[PDB]
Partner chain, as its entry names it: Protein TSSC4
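This document opens with one chain alone, in structure tokens, the form solved without its partner chain.
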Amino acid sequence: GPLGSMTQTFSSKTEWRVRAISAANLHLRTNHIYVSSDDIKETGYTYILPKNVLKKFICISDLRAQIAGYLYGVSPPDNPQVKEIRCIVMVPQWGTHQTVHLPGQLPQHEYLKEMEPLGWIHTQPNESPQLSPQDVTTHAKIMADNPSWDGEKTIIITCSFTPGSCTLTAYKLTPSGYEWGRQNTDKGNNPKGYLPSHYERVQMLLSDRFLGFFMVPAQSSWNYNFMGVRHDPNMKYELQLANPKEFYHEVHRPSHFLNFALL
């Protein structure tokens, strides 16, 4: 019975400052990147991801909120069974630890008009063995809305934060996968009808022989996890040839710089 005798006072410990201190060190994880590389589909397309944009993508992310990029690329001359990823497009987005939220409008830009879309890459906190039902649903909805996404040519690369490192795996949807994903409204983790036959691993390699580039939004940045209000599923955006700013950049959270200053 210490009410009055023993009295302590609570001191705020706002959540994102720890995550920011943590994200400042992500660059260490980019020296130990591993691809799952299981002997799956030796005859499907192969996907080469340039290391430069992957390191950048890891470095601009958060350790709990997922970020996503769109993949654009091309097949190397007289070798059509290879898809070299040439570009990663960052669009206005927000995320939770299980899913990412993007505008329904796909990227459009002259620089992109020569390339084909190859699906998307996203980060996730842990190394699940199967492809997420949220991922299968997201990919299928996207496909249903955009005929330029061949279910046989577009893939989903998950970048999972294994301790001290970064493990990459690449999947694609199966026909039954597409058909189930497009009709799924259960945002939960065990929705009705989900099946492991809905996806299959595709081979993926990390290269150094060439370099990717980034396109970013023209009038803003890509991160809206501090402005999720201002994010809209129907928002339109232009792009520009520039490199994305890291997750906790000042322009991503202008509230933190204006509120506590003016008040």
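Residue numbers count along the first chain shown, from 1. Whichever C-alpha set is largest while still superposing within 1.5 Å between the two forms counts as the rigid core.
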property: Larger mean CA deviation from the shown form in 7 other deposited structures of this protein [core fit; 32-40 vs 234-242]; result: 32-40
property: Between 28-36 and 63-71 (mean CA B-factor, as deposited), the higher; result: 28-36
property: Residue range whose averaged C-alpha B-factor is higher in the record, 165-173 or 117-125; result: 165-173
property: Out of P80, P92, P147, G151, highest CA B-factor residue; result: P80
property: Among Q105, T138, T158, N190 - the residue whose C-alpha B-factor is largest in the record; result: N190
property: Where the record places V100 (Cα B-factor, split into thirds across the chain); result: middle
property: Lowest, middle or highest third - CA B-factor, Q219; result: highest
property: Entry-reported Cα temperature factor of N52, expressed as the chain third it lands in; result: lowest
property: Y45 - which third its CA temperature factor falls in, relative to the rest of the chain; result: highest
property: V229, C-alpha B-factor rank within chain (lowest, middle or highest third); result: highest
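Just so you know, the form deposited with its partner chain bound exists too; it's not on screen, but the next bit is about it.
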item: Interface segment, criterion being heavy atoms within 4.5 Å of its partner chain in the deposited bound form, picked from 182-190, 147-155, 167-175, 99-107; value: 167-175
item: Interface membership of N31, its partner chain in the deposited bound form, 4.5 Å heavy atom rule; value: yes
item: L54 within 4.5 Å of its partner chain in the deposited bound form, heavy atoms; value: yes
item: Touches its partner chain in the deposited bound form: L63 (any heavy atom, 4.5 Å); value: no
item: Contact test in the deposited bound form: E116 vs its partner chain, heavy atoms, 4.5 Å; value: no
